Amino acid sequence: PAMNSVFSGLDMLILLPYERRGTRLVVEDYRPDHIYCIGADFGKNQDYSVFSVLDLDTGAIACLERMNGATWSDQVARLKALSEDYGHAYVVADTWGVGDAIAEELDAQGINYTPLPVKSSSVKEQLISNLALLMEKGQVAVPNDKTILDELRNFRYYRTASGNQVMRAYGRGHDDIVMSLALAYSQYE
């Protein structure tokens, strides 16, 4: 890790085997005695959308779905299917700047969701610090997928011109997986 790495506890991250089924990485199938939620961010244009299914009873990711180039309606339909697959798991959705169509469609399609708009650096910092703390404590368990691990590894601290802290991917990288995981783990006690 570089000096400015956010996830200093990456050594305590539990790595899980999985089966790749198209856009899903499936660690385990639905356990009906457990309660699940899904962290969801939505991509515009060629950006990725990432849905992270978290078993709230074990603290482990059961399934992670990631894709780009999907229509807005297809993003919502895939989220609905994942929710239904995991017992009508509730969605923690980053609703900031998602647009009228997706907002209307979540409601119109009866998706079980709670809004968590990542509307400022302050909100992002709360989400991230919670994930990072849980990680150091050995409570975060994710699919052992190099893309996921690399995105976590490359998430770094910077400062703005006014001196405020910001967190973002190194170089010209992405953080859609990081934020999806943080949205899921925001619910974990």
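Throughout, we count residues from 1 along the sequence that is shown.
Of the two stretches examined, 129-137 and 44-52, the record assigns the greater average C-alpha temperature factor to 44-52. Between 73-81 and 109-117, the higher mean Cα B-factor belongs to 109-117. Ranked within its chain, residue 147 lands in the middle third, by CA B factor from the PDB record.
Remark: residue 173 belongs to the lowest third of its chain, ranked by C-alpha B-factor as recorded. For residue 181, the recorded CA B-factor ranks within the lowest third of the chain. Only modelled residues enter the ranking.
Residue 159 sits in the middle third of its chain by CA B factor, as recorded in the PDB entry.
Per the deposited record, the Cα B-factor of residue 39 falls in the lowest third when ranked against the other modelled residues of its chain.
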